[PDB]
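A.B. asks: next one to model:
(chains A, B, C, D, E, F, G, H, I, J, K and L)
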Amino acid sequence: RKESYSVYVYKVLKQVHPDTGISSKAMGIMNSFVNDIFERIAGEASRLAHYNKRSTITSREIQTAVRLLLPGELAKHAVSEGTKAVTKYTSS
Amino acid sequence: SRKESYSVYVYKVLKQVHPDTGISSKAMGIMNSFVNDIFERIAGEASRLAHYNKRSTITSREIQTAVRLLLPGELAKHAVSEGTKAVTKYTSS
Amino acid sequence: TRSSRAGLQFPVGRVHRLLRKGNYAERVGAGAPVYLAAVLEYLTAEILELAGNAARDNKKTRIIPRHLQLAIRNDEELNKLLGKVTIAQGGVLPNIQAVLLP
Amino acid sequence: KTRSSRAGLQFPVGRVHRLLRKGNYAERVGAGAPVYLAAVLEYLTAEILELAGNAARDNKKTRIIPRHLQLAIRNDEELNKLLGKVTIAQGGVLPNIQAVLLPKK
Amino acid sequence: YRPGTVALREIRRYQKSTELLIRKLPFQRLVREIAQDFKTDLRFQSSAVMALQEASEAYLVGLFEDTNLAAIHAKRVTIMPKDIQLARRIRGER
Amino acid sequence: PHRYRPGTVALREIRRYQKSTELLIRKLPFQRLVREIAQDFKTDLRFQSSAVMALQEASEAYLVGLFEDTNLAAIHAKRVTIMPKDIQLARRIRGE
Amino acid sequence: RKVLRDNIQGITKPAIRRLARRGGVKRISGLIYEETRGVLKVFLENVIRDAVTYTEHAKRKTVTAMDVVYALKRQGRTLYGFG
Amino acid sequence: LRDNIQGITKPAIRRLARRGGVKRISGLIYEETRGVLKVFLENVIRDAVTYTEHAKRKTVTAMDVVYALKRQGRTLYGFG
Amino acid sequence: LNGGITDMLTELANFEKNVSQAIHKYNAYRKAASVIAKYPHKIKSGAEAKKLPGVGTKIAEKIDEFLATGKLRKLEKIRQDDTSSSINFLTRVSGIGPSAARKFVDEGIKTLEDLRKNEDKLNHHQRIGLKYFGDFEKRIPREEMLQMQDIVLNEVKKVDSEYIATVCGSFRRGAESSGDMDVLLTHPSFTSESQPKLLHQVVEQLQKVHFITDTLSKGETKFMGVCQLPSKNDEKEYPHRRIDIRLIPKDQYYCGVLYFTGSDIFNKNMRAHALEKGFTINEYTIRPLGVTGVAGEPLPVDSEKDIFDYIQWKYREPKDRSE
DNA sequence: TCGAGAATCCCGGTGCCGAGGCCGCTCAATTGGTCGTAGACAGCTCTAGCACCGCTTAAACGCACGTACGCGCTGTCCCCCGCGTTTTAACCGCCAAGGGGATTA
DNA sequence: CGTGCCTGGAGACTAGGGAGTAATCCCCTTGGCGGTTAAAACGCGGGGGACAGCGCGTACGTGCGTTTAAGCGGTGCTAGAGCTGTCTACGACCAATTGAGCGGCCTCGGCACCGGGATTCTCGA
DNA sequence: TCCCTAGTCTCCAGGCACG
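C.D. replies: Numbers count the residues shown, from 1 in each chain, chains lettered A, B, ... in the order given. Pasting the structure now:
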């Protein structure tokens, strides 16, 4: 399996468009996109933490790095979804 | 707090290079920034290689590879020569 | 489960372990993996929805890399997100200069 | 005995070791890595400083000015490739005048 | 047919398509030739060769698009080597 | 009466603006513009004087690079005057 | 204590001319000033957004110079010497 | 070897330019294009062989090519 | 029966309070000392006292060392510290605290002789504290405190019959002595939604009758100064005492007086009873507490008994308000 | 091609501030131990990169051939450069209001 | 269609973070005022760059006959990619330990600056 | 300094990923 997220990709795709298929090449491209975004966000968070001299990786720095990376409306919607997700995880 | 910089090492190297040359404090800070930039770049390259090599140690082989990657042109070829010989001294007590 | 507890789709524990083994920080927040998974899911959702729009523009029921590249070029914020990333066999967005036209 | 003296270097070795350990760059750090990094730093610093001193001799100024360092960096090609996306504060730009802009009659 | 009409048709056909348009055997030969300058008797995975070919195609496509944009900027319809050098200087390659 | 050639004071000071390394940007207007731009991001935020000087220097560098690119572009079109269309072409070629 | 606006005109035509001559342009049209102001505003805004974000992530109220350096690296400028 | 740079045919270069949306290409373009192609390929293959040698492996892997392309600033998708 | 441990912990707490500038240690040491003095049993082992809440590792180790050796090495070394002793002596005077005493010791001023010799370096409050350093440290007898309270009440009634002055605190609780006088004053025209000179008139009346001798600070809500009961033309003059008078709204005067009556344990017990009864009780008023903890509109306050019945608690006299 | 004139350079002299230079004081590199283990190394197994060969077929290669568009020529025009003139703002200094910090309750 | 792990929840143990704000007074900070003087705005030739059209020619698309190398279908065949099992150097970690480095405080000439005078381009005729 | 909540190991298992 080599630690892929393809099952999650298919689940989310069916969540968005349950009536369409995906190529294996397309699935690999999406997996690489997810990996690249993860690495970029992680490097941004680490650089922020060192720049803020903190010895932990926290959700505050995650939101900061995401706001750095994503463009305006995309950053607003993504941070909104992340805040709601954190609210649901902490409350429940 | 105590701030760390390579100012003394830079001054000693400059004296070793040009015995009768001065330098400004702003120039010293520029040199410090260059040194820090090269340090961070080499460190990140070596870490990326080690993750690519899935190794848990940072070896002198990774330093040679990092120098071969980041450094351009003849500066790449001479520096490794200066490295391994210096590494030889570390292996020569 | 943790992905059930957050209600998301990507494996949150997988992301936690990836952050742990990524050697990015001494300590890693527990809700930090939730936030990272949420952002990844958001981005993947927007990418897939644009992909489905482009696929139905091409009347094809399979997601194709050409449609993916066309969507990535067609969205301004997404194009600026992944401008320096190349997609295999995705082609290029059709763009003919007006001066080339007769 | 200092490790930089044990290598014969001028830049600090153990300082680099402490920075690399604190840099969270890797799980483990080998001994010869600080030696190689220090050697590379010394070589780059020497190459920059020699060019700067030559420029200052050409500029007839005993101290090194940031413009002198910038001119030296623009003079060398490998350094320019190394520092192409680096800006020198108060370094100016190398004299570059267009041939079409030259006046002829 | 009309000069340009075939050209524009081929332009649109190439922009709609997604193939490589590069001979894989000559590309492998060129990659091996360049690799001989770096390390003799080296092996290359086939998928790696296809990926390198595709990356080369991407770089060439970007460079050619920039060259055409420059030609329109230089009020010229034919792309000339001066445009390629102007783009490479503007793009910061050399 | 002794007026220099119409393209000679222009050729003058180009060497003088290349040999010098000053800011060439008025510091008070730069700080005012910086404060104006930062207020739309956040009201009642402080900017250090060193920060303002560095930002001014960075903007000067970006503008210098863009202007050099535009000069090369005008030379590409066998022209002398720098045009806003040339600046647009340069920005497109950079990718911004 | 009173906020101000319309400082984009603060970049005077003489200033633009000096900057261009430093860049080395023989002749400049008058329309260059407006577009130059626009490009400068765009670049400064792109840098300042990330600068303010870096400042607030550090929960500080002053725009720090190290934050500016981090932003310049984020935008791939990496000015040296300062900080 | 066997003028492998000449392997990029003039019709192939024209096909690439049409994919690049070029309406007319001069005759000198076909050689400088080959030159630039070599330059990009050389600057990529150098780093690739460097990575593979640091891998101490006798075969060039595709993931090495991807890592080098990222080191060359051109992110590529389609290999992992 | 832990007097010595409490005494040695009090001076240790002073080191964390005024010298170390660590309230996070001073308050903890003070709570531990209060609990040790509150235990009517002999302390034999640090582990035995560790059963009491608020006593941890450092406190237990210090108590064991004090019991075994009769002193503490750190305490002995810090008591002999000239800088620490000078800072502690300087902080004893009002107006000088941690930073003030630290700067004074840094500037060579270590004794009251330097304090008098540097009157230019002392502010009005600091000068008043230096002038009345010995007078402020004396206790005020219940007879002298009652006489001064009666004089203040007479001055208030002369200033305004609608003025209401209440002497809260230990004197209200019936203690035979207090270190200072704390008066809570109200006016029917001064409410939560209602003059800035009402306290000024009372201050002028008290100063005119030569009751208040000096004023440290005077605002529209509270005034603090030094006052002293006059002698009968043949006896020694009474020592100066600190008098503070705070003006409160009519709807807030009863809650302020109840809070200032004490004691701290009684206030905590009443607040806990109110919180368990779904109410919040403060110095200003008492408010209902919602199901989500959101406080409603504060209930009207007109008497202490009304507040006690608000939290469903029997009204207790201030003498019974020890805990 | 000189020549007046104007921008530039060089040289002397001047004053001022920072590069270094020194010196006392520390915490971070050194010494010298241990101790779990990363990977080093030997070894074994499958697999994909070669490696090659016959067929096909279409990309390509070379070649007539028109034409258009790059370019060089021309005039022609108007925009911005140079030089002088008139505000003007920035800028350095010089002032006073409030934000943060102090003790104390 | 079993089936093969596996993170999810629950101990077990351990580290940062906050446990007190109001009331009054004072200093540092910051924002506005004012002369002034370099500097920016304005204004006016005019001439030199921008630019539009004409001629042309040659070089590049374009259609076509041909071929040859690239796919493309076999075929095998092994170098080495990858995975496994030890053990062993070896990096990490701990506890003194001293000294390279750091902070503070001179100082004296490098170097900016000024001013004059000599230098040399430079437009104009 | 004491605390309390959150970041580590660890530790099986009803259950998701896999071929």
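A.B. asks: CA atoms for contacts and neighbours, from now on please.
C.D. replies: OK.
A.B. asks: name the residue of chain A that lies nearest to DNA strand L.
C.D. replies: Per C-alpha to the nearest atom of the strand, the residue of chain A with the smallest distance to DNA strand L is residue A:1, at 4.0 Å.
A.B. asks: from chain D, how far out is that residue?
C.D. replies: As judged by C-alpha to the nearest C-alpha, to the nearest Å, residue A:1 and chain D stand 26 Å apart.
A.B. asks: wait, isn't residue I:168 in contact with residue I:257?
C.D. replies: Yes: between residue I:168 and residue I:257 there is a contact at 6.1 Å, judged by C-alpha atoms under 8 Å.
A.B. asks: overlap in contacts, those two.
C.D. replies: Each of residue I:184 lies in contact with both residue I:168 and residue I:257 under the rule C-alpha atoms under 8 Å, 6 or more residues apart in numbering or on different chains.
A.B. asks: rewinding a little: tally of neighbours for the residue of chain A closest to DNA strand L?
C.D. replies: Neighbour count for residue A:1, taken as other C-alpha atoms under 10 Å in any protein chain shown: 5.
A.B. asks: also residue I:101?
C.D. replies: Using other C-alpha under 10 Å, the number of residues around residue I:101 comes to 26.
A.B. asks: contacting residues around it?
C.D. replies: I:86-88, I:90-91.
A.B. asks: by neighbours, which of these wins?
C.D. replies: residue I:87 leads the contacts of residue I:101 on contacts (other C-alpha under 10 Å) with 28 neighbours.
A.B. asks: nearest to chain G: which residue in chain E?
C.D. replies: Ranking the residues of chain E by distance to chain G (C-alpha to the nearest C-alpha) places residue E:92 first, at 13.7 Å.
A.B. asks: what separation do you get for that residue and residue F:90?
C.D. replies: 12 Å (C-alpha to C-alpha, to the nearest Å).
A.B. asks: residues from chain G in reach of chain A?
C.D. replies: Neighbours of chain A within chain G, by C-alpha under 8 Å from any C-alpha of the partner chain: G:50, G:53-54, G:57-58.
A.B. asks: need the residues you listed in JSON lines (columns: secondary structure and neighbour count).
C.D. replies: As requested, the residues of chain G next to chain A are exported to JSON lines (DSSP: H, G, I helix; E, B strand; the rest coil; neighbours: other C-alpha atoms under 10 Å in any protein chain shown):
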{"residue": "G:50", "secondary structure": "helix", "neighbour count": "24"}
{"residue": "G:53", "secondary structure": "helix", "neighbour count": "20"}
{"residue": "G:54", "secondary structure": "helix", "neighbour count": "26"}
{"residue": "G:57", "secondary structure": "helix", "neighbour count": "19"}
{"residue": "G:58", "secondary structure": "coil", "neighbour count": "20"}
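A.B. asks: from those residues, which is closest to chain B?
C.D. replies: Of the residues of chain G next to chain A, the one sitting nearest to chain B (C-alpha to the nearest C-alpha) turns out to be residue G:58, at 18.6 Å.
A.B. asks: what parts of chain G come near chain C?
C.D. replies: Counting by C-alpha under 8 Å from any C-alpha, no residue of chain G sits close to chain C.
A.B. asks: in chain G, mark out all the helices, start to finish.
C.D. replies: For chain G, the helices defined by DSSP state H occupy G:13-23, G:32-57, G:65-74.
A.B. asks: ok, and what's touching the last one?
C.D. replies: When you say that, I think you mean helix G:65-74. With contacts defined as C-alpha under 8 Å, 6+ apart, helix G:65-74 is touched by F:48, F:50-51, F:54-55, G:47, G:50-51, G:54-55, G:78-79, G:82-83.
A.B. asks: can you flag the buried ones in these?
C.D. replies: The neighbour count (16 or more other C-alpha atoms under 10 Å in any protein chain shown) marks F:50-51, F:54-55, G:47, G:50-51, G:54-55, G:78-79, G:82-83 as buried among these.
A.B. asks: from those residues, pick the one nearest DNA strand L.
C.D. replies: residue G:54 (20.9 Å).
A.B. asks: select the longest helix from chain I.
C.D. replies: If you go by DSSP H, chain I has its longest helix at helix I:142-159.
A.B. asks: if you count contacts, what does that helix end up packed against?
C.D. replies: Applying 3 or more C-alpha pairs under 8 Å, 6 or more residues apart in numbering or on different chains; DSSP states H and E, we find helix I:142-159 packed against strand I:164-168, strand I:177-178, helix I:198-208.
A.B. asks: nearest to residue I:140, out of those?
C.D. replies: Minimum separation from residue I:140 across those (C-alpha to C-alpha) falls at strand I:177-178, 5.4 Å.
A.B. asks: run the chain-centre distance for the helix or strand following the closest one.
C.D. replies: Going down the chain from strand I:177-178, the next helix or strand is strand I:180-186, by DSSP states H and E. Taking the mean of its C-alpha atoms, strand I:180-186 sits 12 Å from the chain's own mean (C-alpha atoms, centre = their mean, to the nearest Å).
A.B. asks: all strands for chain C, in order.
C.D. replies: C:27-28, C:62-63, C:85-87 (DSSP state E).
A.B. asks: looking at the ones you listed, which is nearest to residue D:104?
C.D. replies: Residue D:104 sits nearest to strand C:85-87 of all the strands of chain C, at 47.5 Å, using C-alpha to C-alpha.
A.B. asks: what helices and strands are in contact with that closest one?
C.D. replies: The contact analysis (3+ C-alpha pairs under 8 Å, 6+ apart) places strand C:85-87 against strand H:75-77.
A.B. asks: re earlier: out of the residues of chain G next to chain A, who's nearest residue I:243?
C.D. replies: Distances from residue I:243 to the residues of chain G next to chain A, taken by C-alpha to C-alpha, are shortest for residue G:58, at 46.1 Å.
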